[PDB]
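Report on the following structure.
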Ligand SMILES: O[C@@H]1[C@@H](O)[C@H](O[C@@H]2CO[C@@H](O)[C@H](O)[C@H]2O)OC[C@H]1O
Ligand SMILES: O[C@@H]1[C@@H](O)[C@H](O)OC[C@H]1O
Ligand code: NA
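Residue numbers (the deposited numbering): 2 to 331.
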């Protein structure tokens, strides 16, 4: 690694380079992080269930540790995430009797959570994924069903962004989602964000999760999505990048190691992806990987539990993979 290029330095004039972490991986992958990234995202510890597990009970310890690490190394921090249909405790939507609360009560709870969380990290966290995955991933409907939407109504996103803006008007607020480059969904995300911005809602950027495969989405689809979203005038962040060795239809669990073909195609894939990101450096301001080395990735258990994936630029021994060389040479 002595003579190895540093990711954040290579892309210094293009965009920040980030990694998703947790207290455990910060220790396990500390040197890689210190040598390559200038942005950090909490993989799980800033989600609702990990910040306010019970009403009035805030558990900022783990998030504080992540922020402390980032700040001690002059790394930016992306806040993830405030309002999402997943990883949110049941108490949030229920009353004493266990029945669903009213619109006003849920809005009060949403405002309280957002205000408390955002104000704590004001000045240390420069952006927040305010709304995560609200758009439907299947069907002809625009929005995915969720307790937030059911109880409050379809304007729940407008409210979330306004509450977050009030809490920290200097933060960049994002709508974050996956499968963001498939045409049908791209148009739903575009329509949603355009509608919000047309109402003056403080949504400053779109977060493209980029949980991609070797084949999907195509480079043309990625280019089209970047251009489509950029045309709204918002900032773009690639937020949870990883390149899975398995396509959606591939649920094999017996592969103990990736084939030389997988490794080679992944290298080509990462080179093509970063070449495209660099081309759009004027609108993309940050590229965060959902991890940093293959010794830790949520793809080991998703969508198939108990297997192994090799989605990042560094291997399990923290050594650069062929993908690393193609990525930094664009
Ligand atoms: O440890 C896992 C996390 O890595 C995972 O993170 C999510 C990945 O999918 C994205 O769409 C989400 O935004 C991101 O939070 O969440 C589940 C957890 O078990
Ligand atoms: O659970 C979600 C999964 O269904 C999607 O494919 O990727 C993002 C995850 O959060
Ligand atoms: Na840029």
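Yeah, the Cβ is synthetic: ideal placement off N, Cα and C, and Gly gets one too.
### Message
To the nearest angstrom, how far is the alpha carbon of residue 89 from that of residue 53?
### Response
Residue 89 sits at position 88 when you count from the first residue of the chain shown. Residue 53 sits at position 52 when you count from the first residue of the chain shown. Roughly 9 Å between the two C-alpha positions.
### Message
One question on the structure: do residue 22 and residue 41 come within less than 7 Å of each other, judged by their Cβ atoms?
### Response
In the chain shown, residue 22 corresponds to position 21, counting from 1. In the chain shown, residue 41 corresponds to position 40, counting from 1. Yes, they are a contact pair.
### Message
Taking the beta strand (DSSP E) that residue 82 belongs to, which residues open and close that run?
### Response
Within the chain shown, the letter at position 81 stands for residue 82. Element bounds for residue 82: 77-85.
### Message
Suppose only complete runs of 3+ residues qualify. What are the beta strand (DSSP E) ranges in the stretch 156-222, listed by chain order?
### Response
173-178, 206-209 and 212-214
#### Entry: Backbone CA spacing between residue 113 and residue 205 [nearest angstrom]
On the chain shown, residue 113 is found 112 positions in, with the first residue counted as 1. On the chain shown, residue 205 is found 204 positions in, with the first residue counted as 1. Spanning the two alpha carbons is a distance of roughly 22 Å.
### Query
Can residue 44 be considered in contact with ligand 1, in the sense that its beta carbon sits closer than 6 Å to one or more heavy atoms?
The count along the chain shown starts at 1 and reaches residue 44 at position 43. It does: the Cβ of residue 44 is within 6 Å (strictly closer) of some heavy atom of ligand 1.
### Task
Within the stretch 101-136, note down every full alpha helix (DSSP H) run reaching 4 residues or more, in order along the chain.
104-122
### Query
Any contact of the stretch 3-21 with the stretch 285-304, i.e. 3+ C-beta pairs under 8 Å?
yes
#### Entry: Cβ pair residue 189, residue 136 closer than 7 Å
In the chain shown, the residue the question calls residue 189 occupies position 188. In the chain shown, the residue the question calls residue 136 occupies position 135. Cβ atoms of residue 189 and residue 136: closer than 7 Å.
### Task
Can you check the stretch 32-73 for any beta strand (DSSP E) of at least 3 residues that lies completely inside it and give the ranges in chain order?
40-43
### Task
Determine the contact status of residue 268 and residue 242, defining contact as a CB-CB distance below 7 Å.
Stepping through the chain shown from its first residue, residue 268 is reached at position 267. Stepping through the chain shown from its first residue, residue 242 is reached at position 241. Contact flag unset, no.
### Query
Taking the Cβ atom as the reference point for each residue, do residue 273 and residue 220 lie within a distance shorter than 7 Å?
Looking up residue 273 in the chain shown gives position 272. Looking up residue 220 in the chain shown gives position 219. In this structure, residue 220 lies closer than 7 Å to residue 273 by Cβ.
#### Entry: Nearest neighbour of residue 275, chosen from 291, 239, 306 and 265 [CA to CA]
Here residue 275 refers to the residue found at position 274 when the chain shown is read from its first residue. The option with the nearest alpha carbon to residue 275 is 239.
### Query
Closer than 5 Å from C-beta to any heavy atom of ligand 3: which residues, in chain order?
16, 282 and 286
### Message
Could you tell me the alpha carbon to alpha carbon distance between residue 296 and residue 265, rounded to whole angstroms?
### Response
Counting from one through the chain shown, the residue named residue 296 turns up at place 295. Counting from one through the chain shown, the residue named residue 265 turns up at place 264. Residue 296 and residue 265: Cα-Cα distance of roughly 19 Å.
### Task
Would you be able to state if there are at least three C-beta pairs under 8 Å between the stretch 118-133 and the stretch 149-169?
yes
### Task
For residue 162, collect the residues of the same chain with a Cβ closer than 6 Å to its Cβ; drop the 5 residues on either side in sequence, then sort them by chain order.
Working through the chain shown from its first residue, we reach residue 162 at position 161. The residues are 131, 174, 202, 203 and 204.
### Message
As a quick exercise: from 320, 46, 283 and 66, pick the residue whose alpha carbon is nearest that of residue 14.
### Response
Translated into the one-based positions of the chain shown, residue 14 becomes position 13. Residue 14 has its Cα closest to that of 283, out of 320, 46, 283 and 66.
### Message
Between the alpha carbons of residue 278 and residue 225, how many angstroms are there, rounded?
### Response
Translated into positions along the chain shown, residue 278 becomes position 277. Translated into positions along the chain shown, residue 225 becomes position 224. When rounded, the distance between both Cα atoms is 12 Å.
### Task
List in chain order: all unbroken alpha helix (DSSP H) runs of 4+ residues lying wholly within the stretch 239-288.
261-280
### Task
With a threshold of 16 other CB atoms inside 10 Å of the CB of residue 332, please say whether the residue is buried or exposed.
For the chain, the structure presents residues 2 to 331; residue 332 sits outside this window and is missing.
### Distance between residue 129 and residue 194 (C-alpha atoms, nearest Å)
The count along the chain shown starts at 1 and reaches residue 194 at position 193. The count along the chain shown starts at 1 and reaches residue 129 at position 128. Using only the alpha carbons, I get a separation of about 16 Å.
### Task
Report yes if the C-beta of residue 212 is less than 6 Å from at least one heavy atom of ligand 2; otherwise report no.
The sequence position of residue 212 within the chain shown is 211, counting from 1. Checking every heavy atom of ligand 2 against the Cβ of residue 212, one is found closer than 6 Å.
#### Entry: Strand pairing of residue 95, partner residues [DSSP]
Along the chain shown, read from residue 1 onward, the residue named residue 95 stands at position 94. In the DSSP output, where bridge partners are listed per residue, residue 95 has 101.
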